[PDB]
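As a starting point, one isolated chain is supplied in structure tokens, in the form deposited in one PDB entry.
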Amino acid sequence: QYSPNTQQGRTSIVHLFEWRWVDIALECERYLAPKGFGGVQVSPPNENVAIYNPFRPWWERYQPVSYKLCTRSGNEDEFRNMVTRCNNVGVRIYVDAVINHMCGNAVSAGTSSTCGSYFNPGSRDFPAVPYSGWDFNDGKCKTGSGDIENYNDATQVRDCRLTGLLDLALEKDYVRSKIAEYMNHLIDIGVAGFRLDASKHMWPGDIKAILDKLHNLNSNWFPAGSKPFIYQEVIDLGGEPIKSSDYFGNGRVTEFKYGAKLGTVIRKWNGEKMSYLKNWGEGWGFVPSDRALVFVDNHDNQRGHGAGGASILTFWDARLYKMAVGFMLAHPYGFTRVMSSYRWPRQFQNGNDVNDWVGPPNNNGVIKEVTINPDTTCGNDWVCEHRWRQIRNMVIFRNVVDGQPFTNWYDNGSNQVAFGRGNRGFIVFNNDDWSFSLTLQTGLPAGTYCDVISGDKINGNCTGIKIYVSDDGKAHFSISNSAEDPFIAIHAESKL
């Protein structure tokens, strides 16, 4: 559960937040496979509460009603078709499993669900599963409100309701079995792993009991004995009694300190600078690389709903975002997840975005299809960061240098740094307020390389900047602080 059952040579996954099943299946064939992406994290595929006030917010998908594969992304048949086609092209599917809870305790009873299933929060009745009052922690939680009130108390964080969400009694074999039933149905369909949502709100031992009931991946696509890849969402920035290390026995963990610190460093907040990235990784107090799932931003903190503060970089800050993603994809620490989102009307009032609830692009509630423009960009308000030349080429960069050591590091004591990955790739950054022009040792073999950030290598030629590596591995780099993309990356496959 620590290894990504991704195809050999593919090292990243992309989060196609709120994408429809039919759009993902197409993207797997027309883009993801050809460009070397290893997998796709999809939004919760199980039935959720249909919320009309606000109008269909993104977060309604984190309020389960049943485990029926029927949501705004599609039905069960469309979901299976997606997993099959993607798997047939070497692109894995990872499911966002919401298993810590059901929907809000205050939600009105009725059939306001994505598939018409009836449910009654007030009476803890979820017949479509089925679940009853006996399957929740109402009698176990010790707070006066019944909800989590203080994160300094490890017990209520697990036994009480996260912002009102009915908390499942995961200690009960019956509940563990209904969740396993749901997860095993997905595994048998072809899913390669799961993102365990709100893992901090579940005891490590309860998670383990559930994982012990899981099947091995589908033998039609994976080798015998393959275990599903598991990465648990645990926000641990320190200061709390719960540590992400407490979950190492179950699988990988999300390292939120990663995007938070990269954000402050690149923004140059409070005296930080890129030169300090020399010992990036465990040196910064992060969890072991082999237990880490890293990313710059996620669906939560890109809209200020998670943890990380205002330092988090997102597509809104394009120039710096591409640099942050590039550094991440070039550095060997952890398993990388690329974000892919949609645009919403950000409206800041007194320091906060009042429209942080806006759901995916839609027409009367029906999610809009992802349209592709002649320049490979997306329309219908889908950002498609994974399609940006700079990000896509760095995804390939990571594949090419997979396994190579971190070497030939250089820094000017400020914000101009560079490092290589064995003899397969080199990358340089200029985040200072002045130009960079120096000859550095790359460790690469002599030849002419195409800069994969400012261009591509097409039919024997580079469309952008060209780098010349001498016999001794030295190469000259010139990066103006006025350049669109203040960084250059070259690797074994961009050589003429």
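For every residue, the number given is its place in the sequence shown, counted from 1. C-alpha atoms forming the largest set that superposes within 1.5 Å between two forms make up the rigid core.
Comparing 284-292 with 375-383, the stretch with the higher mean C-alpha B-factor in the PDB entry is 375-383. The PDB entry records a higher mean C-alpha B factor for 457-465 than for its counterpart among 457-465 and 41-49. For the set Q63, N430, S66, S437, the maximum C-alpha B-factor listed in the entry falls on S437.
Listed residues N218, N184, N250, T407 were ranked by CA B-factor as deposited; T407 comes out on top. When the modelled residues of the chain are ordered by C-alpha B-factor, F477 sits in the highest third. Remark: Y118 belongs to the highest third of its chain, ranked by C-alpha B-factor as recorded.
Per the deposited record, the Cα B-factor of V91 falls in the middle third when ranked against the other modelled residues of its chain. In the PDB entry, a CA B factor belonging to the middle third of its chain's modelled residues is recorded for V129. Per the PDB record, residue ranking by Cα B-factor puts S414 in the middle third of the chain.
From this point on, the text means the form solved in complex with a small molecule, which you will not see here.
Across the proposed site, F248, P288 and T371 without exception bring a heavy atom within 4.5 Å of the small molecule in the bound PDB entry. The listed set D138, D153, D236, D411 contains one residue whose heavy atoms approach the small molecule in the bound PDB entry to within 4.5 Å, identified as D236.
Only one of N423, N81, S112, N218 comes within 4.5 Å of the small molecule in the bound PDB entry through a heavy atom, and that residue is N81. In short, of 414-422, 248-256, 323-331, 398-406 it is 248-256 that has heavy atoms within 4.5 Å of the small molecule in the bound PDB entry. In the bound PDB entry, the small molecule stays beyond 4.5 Å of every heavy atom belonging to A483. Of the heavy atoms in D77, some are within 4.5 Å of the small molecule in the bound PDB entry. By the criterion of a heavy atom within 4.5 Å, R85 is counted among the residues contacting the small molecule in the bound PDB entry.
In the bound PDB entry, at least one heavy atom of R20 sits within 4.5 Å of a heavy atom of the small molecule.
When both forms sit on the same rigid core, the CA shifts between this form and the one not shown reach 2 angstroms or more only at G306 out of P361, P204, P332, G306.
In the core-superposed comparison between this form and the one not shown, the C-alpha atom of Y182 has shifted by less than 2 angstroms. Relative to the superposed core, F229 undergoes a C-alpha shift smaller than 2 Å between this form and the one not shown.
A movement of the C-alpha atom of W434 falling short of 2 angstroms is seen between this form and the one not shown when the two forms are aligned on their rigid core. In contrast to the form presented, in the bound PDB entry the C-alpha positions of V325 and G308 spread farther apart by 3 Å or more. With a change of no less than 3 Å, the CA-CA distance between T111 and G104 is smaller in the bound PDB entry than in the form shown.
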